[PDB]
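Next up: just one chain, as C-alpha coordinates, the form deposited in one PDB entry.
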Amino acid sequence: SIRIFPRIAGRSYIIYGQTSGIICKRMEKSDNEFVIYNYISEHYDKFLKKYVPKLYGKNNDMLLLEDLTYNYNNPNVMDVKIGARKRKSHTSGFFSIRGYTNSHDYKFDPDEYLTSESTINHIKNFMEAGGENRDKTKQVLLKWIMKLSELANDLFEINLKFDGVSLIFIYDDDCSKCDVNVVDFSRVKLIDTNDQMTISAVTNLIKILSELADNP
(Lines give C-alpha, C1' and ligand atoms only; values in the text may rest on other atoms or scores of the structure.)
Protein backbone atom coordinates (compact mmCIF):
# COMPACT_ATOMS: atom_id res chain seq x y z
CA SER A 1 0.00 0.00 0.00
CA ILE A 2 1.48 3.40 1.16
CA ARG A 3 5.09 4.35 2.17
CA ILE A 4 5.11 7.34 4.65
CA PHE A 5 7.90 9.83 3.65
CA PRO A 6 10.59 10.49 6.36
CA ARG A 7 9.64 14.21 6.87
CA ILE A 8 12.24 16.18 8.94
CA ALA A 9 9.55 18.74 10.03
CA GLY A 10 6.03 20.02 9.21
CA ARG A 11 2.54 18.61 9.90
CA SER A 12 1.13 17.61 6.46
CA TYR A 13 0.51 14.00 5.26
CA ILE A 14 3.50 13.25 2.89
CA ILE A 15 4.04 9.79 1.26
CA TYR A 16 6.33 8.37 -1.48
CA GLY A 17 4.80 8.59 -5.01
CA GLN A 18 3.62 5.42 -6.86
CA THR A 19 6.72 5.85 -9.16
CA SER A 20 10.40 6.76 -8.46
CA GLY A 21 11.46 10.39 -7.74
CA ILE A 22 8.01 11.73 -6.61
CA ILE A 23 6.53 12.63 -3.17
CA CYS A 24 2.77 13.34 -2.68
CA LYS A 25 1.91 16.18 -0.21
CA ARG A 26 -1.72 16.57 1.03
CA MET A 27 -3.04 20.18 0.93
CA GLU A 28 -4.51 20.05 4.50
CA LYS A 29 -6.26 23.46 4.98
CA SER A 30 -6.93 24.88 1.44
CA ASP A 31 -5.64 24.60 -2.19
CA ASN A 32 -3.70 27.91 -1.69
CA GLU A 33 -0.33 26.09 -2.23
CA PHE A 34 -1.60 24.91 -5.71
CA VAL A 35 -2.95 28.45 -6.54
CA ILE A 36 0.54 29.91 -5.64
CA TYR A 37 2.64 27.28 -7.60
CA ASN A 38 0.41 28.20 -10.63
CA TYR A 39 0.79 31.99 -9.97
CA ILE A 40 4.65 31.72 -9.74
CA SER A 41 4.65 29.52 -12.95
CA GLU A 42 2.68 32.28 -14.77
CA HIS A 43 4.48 35.44 -13.43
CA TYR A 44 7.95 34.27 -12.14
CA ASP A 45 8.78 31.08 -14.15
CA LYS A 46 12.60 31.63 -13.76
CA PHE A 47 12.32 31.74 -9.90
CA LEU A 48 10.21 28.51 -10.00
CA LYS A 49 12.78 26.65 -12.21
CA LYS A 50 15.86 27.72 -10.13
CA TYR A 51 14.67 27.52 -6.47
CA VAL A 52 11.54 25.28 -6.12
CA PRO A 53 10.92 21.51 -6.48
CA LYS A 54 9.11 20.70 -9.80
CA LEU A 55 5.27 20.40 -9.45
CA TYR A 56 4.46 17.34 -11.70
CA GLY A 57 0.66 17.71 -11.22
CA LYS A 58 -2.27 17.17 -8.81
CA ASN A 59 -4.18 14.01 -7.64
CA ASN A 60 -7.37 15.23 -5.79
CA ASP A 61 -5.95 16.98 -2.63
CA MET A 62 -2.34 15.68 -3.26
CA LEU A 63 0.49 17.66 -4.99
CA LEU A 64 2.94 15.42 -6.97
CA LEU A 65 6.34 17.08 -6.17
CA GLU A 66 9.98 16.36 -7.11
CA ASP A 67 11.58 14.30 -4.26
CA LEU A 68 14.58 16.54 -3.33
CA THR A 69 16.29 13.55 -1.54
CA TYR A 70 15.95 11.17 -4.56
CA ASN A 71 19.51 11.10 -6.02
CA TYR A 72 21.25 10.89 -2.55
CA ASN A 73 22.70 7.62 -1.09
CA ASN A 74 22.83 9.14 2.48
CA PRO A 75 20.86 12.44 2.52
CA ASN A 76 21.13 14.89 5.48
CA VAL A 77 18.14 17.35 5.52
CA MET A 78 17.53 20.61 7.48
CA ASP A 79 14.24 22.62 7.28
CA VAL A 80 14.74 26.36 8.03
CA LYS A 81 11.57 28.54 8.15
CA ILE A 82 12.54 31.88 6.46
CA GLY A 83 9.01 33.36 5.98
CA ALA A 84 6.93 34.92 8.83
CA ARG A 85 5.46 32.53 11.49
CA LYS A 86 1.64 32.36 12.01
CA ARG A 87 1.67 34.45 15.27
CA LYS A 88 5.06 33.91 17.11
CA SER A 89 8.53 35.52 16.65
CA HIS A 90 11.38 33.44 15.05
CA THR A 91 13.36 31.11 17.43
CA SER A 92 16.69 32.41 15.90
CA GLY A 93 15.61 36.08 15.46
CA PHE A 94 15.44 36.27 11.60
CA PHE A 95 14.56 32.54 10.93
CA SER A 96 13.51 29.30 12.79
CA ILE A 97 15.28 25.90 12.41
CA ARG A 98 12.25 23.46 12.26
CA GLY A 99 14.27 20.19 12.24
CA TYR A 100 17.27 18.30 10.76
CA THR A 101 18.58 14.69 10.26
CA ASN A 102 19.75 13.30 13.70
CA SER A 103 18.46 16.41 15.62
CA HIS A 104 16.93 14.11 18.35
CA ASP A 105 20.53 12.96 19.26
CA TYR A 106 21.44 16.69 19.81
CA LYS A 107 18.35 17.29 22.09
CA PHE A 108 17.08 19.85 19.49
CA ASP A 109 13.65 21.44 20.36
CA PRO A 110 11.80 23.42 17.62
CA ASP A 111 9.94 25.50 20.33
CA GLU A 112 13.20 26.64 22.11
CA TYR A 113 14.32 30.30 21.55
CA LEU A 114 18.10 30.23 20.72
CA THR A 115 21.07 32.61 21.25
CA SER A 116 23.33 33.32 18.18
CA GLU A 117 25.82 30.79 19.71
CA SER A 118 23.13 28.00 20.05
CA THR A 119 21.78 28.67 16.48
CA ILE A 120 25.35 28.29 15.06
CA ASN A 121 25.91 25.11 17.18
CA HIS A 122 22.74 23.39 15.76
CA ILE A 123 23.84 24.21 12.15
CA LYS A 124 27.31 22.75 13.10
CA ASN A 125 25.48 19.64 14.52
CA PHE A 126 23.65 19.22 11.14
CA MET A 127 27.10 19.28 9.35
CA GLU A 128 28.73 16.58 11.64
CA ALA A 129 27.48 13.69 9.37
CA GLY A 130 29.78 15.22 6.66
CA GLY A 131 32.79 13.92 8.69
CA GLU A 132 36.31 15.35 9.17
CA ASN A 133 37.05 16.03 5.43
CA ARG A 134 37.17 19.86 5.97
CA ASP A 135 37.74 20.54 2.21
CA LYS A 136 34.56 18.67 1.05
CA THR A 137 32.36 20.20 3.86
CA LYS A 138 33.72 23.69 2.89
CA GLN A 139 32.61 23.06 -0.77
CA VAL A 140 29.07 22.09 0.48
CA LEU A 141 28.80 25.42 2.44
CA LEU A 142 30.10 27.46 -0.57
CA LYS A 143 27.57 25.82 -3.00
CA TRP A 144 24.69 26.72 -0.57
CA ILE A 145 26.08 30.33 -0.25
CA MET A 146 26.23 30.57 -4.10
CA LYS A 147 22.51 29.61 -4.45
CA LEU A 148 21.19 31.62 -1.39
CA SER A 149 23.04 34.80 -2.58
CA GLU A 150 21.32 34.57 -6.02
CA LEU A 151 17.95 33.85 -4.23
CA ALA A 152 18.28 36.96 -1.94
CA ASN A 153 19.15 39.06 -5.08
CA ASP A 154 16.12 37.64 -7.05
CA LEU A 155 13.68 38.16 -4.08
CA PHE A 156 13.97 42.02 -4.43
CA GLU A 157 11.89 41.77 -7.70
CA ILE A 158 9.16 39.34 -6.39
CA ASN A 159 5.86 40.82 -5.05
CA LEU A 160 4.85 37.90 -2.78
CA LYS A 161 4.64 37.74 1.04
CA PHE A 162 6.48 34.41 1.62
CA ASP A 163 4.64 33.64 4.95
CA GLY A 164 5.55 30.13 6.25
CA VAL A 165 8.11 29.18 3.50
CA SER A 166 11.12 26.96 4.40
CA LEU A 167 14.61 26.38 2.90
CA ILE A 168 15.36 22.60 2.61
CA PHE A 169 19.19 22.16 2.84
CA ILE A 170 20.41 18.67 1.68
CA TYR A 171 23.96 17.18 1.51
CA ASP A 172 25.17 13.55 1.11
CA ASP A 173 27.31 11.98 3.94
CA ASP A 174 30.25 11.82 1.42
CA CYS A 175 29.68 15.58 0.55
CA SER A 176 29.76 14.68 -3.23
CA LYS A 177 26.34 16.42 -3.72
CA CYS A 178 24.20 19.18 -2.10
CA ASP A 179 21.37 21.66 -2.84
CA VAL A 180 18.94 24.08 -1.16
CA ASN A 181 15.39 24.84 -2.38
CA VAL A 182 12.27 26.82 -1.21
CA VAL A 183 9.14 24.78 -0.19
CA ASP A 184 5.71 25.22 1.51
CA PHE A 185 3.63 27.89 -0.35
CA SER A 186 0.49 27.06 1.76
CA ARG A 187 0.34 30.56 3.44
CA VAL A 188 1.99 32.70 0.65
CA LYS A 189 0.01 35.89 -0.31
CA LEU A 190 0.04 38.44 -3.21
CA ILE A 191 1.32 41.96 -2.22
CA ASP A 192 2.46 45.13 -4.11
CA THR A 193 6.08 45.20 -2.68
CA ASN A 194 8.93 42.67 -2.09
CA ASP A 195 9.22 40.71 1.25
CA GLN A 196 12.02 42.43 3.28
CA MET A 197 11.50 39.99 6.26
CA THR A 198 12.23 36.91 4.06
CA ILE A 199 15.24 38.72 2.45
CA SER A 200 16.65 39.44 5.99
CA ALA A 201 16.28 35.69 6.85
CA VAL A 202 18.35 34.63 3.75
CA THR A 203 21.11 37.32 4.20
CA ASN A 204 21.41 36.28 7.91
CA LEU A 205 21.89 32.57 6.88
CA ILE A 206 24.49 33.67 4.23
CA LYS A 207 26.41 35.51 7.03
CA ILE A 208 26.32 32.42 9.34
CA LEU A 209 27.32 29.94 6.55
CA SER A 210 30.14 32.28 5.29
CA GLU A 211 31.58 32.42 8.87
CA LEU A 212 31.50 28.56 9.03
CA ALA A 213 33.14 28.27 5.53
CA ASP A 214 36.00 30.62 6.58
CA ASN A 215 36.44 29.46 10.19
CA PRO A 216 39.61 27.43 10.88
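Don't overthink the numbering: it's just position in the shown sequence, from 1.
Same protein, other form: the form solved in complex with a small molecule, not shown, and the subject of what follows.
Out of the listed residues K143, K136, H122, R85, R85 is the one that sits within 4.5 Å of the small molecule in the bound PDB entry by at least one heavy atom. The small molecule is not drawn, but in the bound PDB entry it has a heavy atom within 4.5 Å of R187. Shown alone here, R11 lies within 4.5 Å of the small molecule in the bound PDB entry, counting heavy atoms only.
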